[PDB]
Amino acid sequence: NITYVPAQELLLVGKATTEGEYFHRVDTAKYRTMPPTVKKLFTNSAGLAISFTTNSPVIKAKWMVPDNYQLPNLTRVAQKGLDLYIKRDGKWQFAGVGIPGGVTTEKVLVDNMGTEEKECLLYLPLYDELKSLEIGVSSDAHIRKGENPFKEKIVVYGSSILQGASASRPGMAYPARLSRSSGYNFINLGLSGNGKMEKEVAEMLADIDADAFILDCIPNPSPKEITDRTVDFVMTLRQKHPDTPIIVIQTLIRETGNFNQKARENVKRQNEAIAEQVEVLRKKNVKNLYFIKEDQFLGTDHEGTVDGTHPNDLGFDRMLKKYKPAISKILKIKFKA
């Protein structure tokens, strides 16, 4: 005897605005001048989650994801699945996953939990569109809309790496890890293959009521694109946000460059190009602009990626150990030890 409630009756967490389709990251009808593939990517629920409370001993989910191609460098869980965390001892802790099948999946996420009150956070798919989601509990349990677990809006814009390639499951995307560690809302606006600093995307970002912008968008654009686009991108943000801190992060050093000398040189050039445009911005006296240089983000053993580019969870763990102190200093956000 399971009673299901639509996620629309609970609390959506991690979305920059309340606009557009419920499970989309951005209202792509409103922001229709963005590139078509960018708009498609913003239909993926990366970094979104549902907050609820229940005394049920079991939590099930019924969810629908279209039969889109499964990326070979991602688990199906990460792309199309769900990740459930439950608060215990003041910390969000792993409870279970929703292992996706086909278009409609119905799974037990966790059972045999007992019937104490539990605060829950269910992360949504990273690399696919969520068409529907219902949360199931025992018929004699209650399920109620949860509280917002995080504070503020820290907007993170960037590449496939940011979106979550190749975290093993949805809650392991790096902004989700940063949010749980700090209690601040790191919003995932990563765009696989497509974080190339288009002015129309800057225009959308500038409309967000952000407390900070983190621009981790160096992996995708060419050096020429970085040279041509960075200043206009940052100036578009500053038009609407004269003071909001902007943090620019260099690209990680792709492991593809370990032996591929062409890839190595391209990464070097990307990082030089952004360093040069930061100097241009500094000469324009852009206020509250910060630049995080690459500093062994994936460690030193070359093991931190699935494919040379996209971190695995070990690579992300290493990256977070560098990102956290840098972000903490700039934004005055404490991360839990």
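Numbering starts at 1 and follows the sequence shown.
- Looking at 309-317 and 14-22 together, the entry lists the larger mean B-factor for 14-22, computed on C-alpha atoms.
- Averaged over their C-alpha atoms, the temperature factors of 233-241 and 171-179 are higher for 233-241.
- Comparing C-alpha B-factors across 164, 81, 90, 257 in the deposited entry, the largest value falls on 90.
- Going by the entry's values, 29 shows the largest Cα B-factor out of 65, 298, 29, 280.
- When the modelled residues of the chain are ordered by their C-alpha B factor, residue 76 lands in the lowest third.
- Per the deposited record, the Cα B-factor of residue 125 falls in the lowest third when ranked against the other modelled residues of its chain.
- For residue 61, the recorded CA temperature factor ranks within the middle third of the chain's modelled residues.
- Residue-level temperature factors show residue 96 in the lowest third of its chain, judged at the C-alpha atom.
- The deposited CA B-factor of residue 139 belongs to the highest third of values across its chain.
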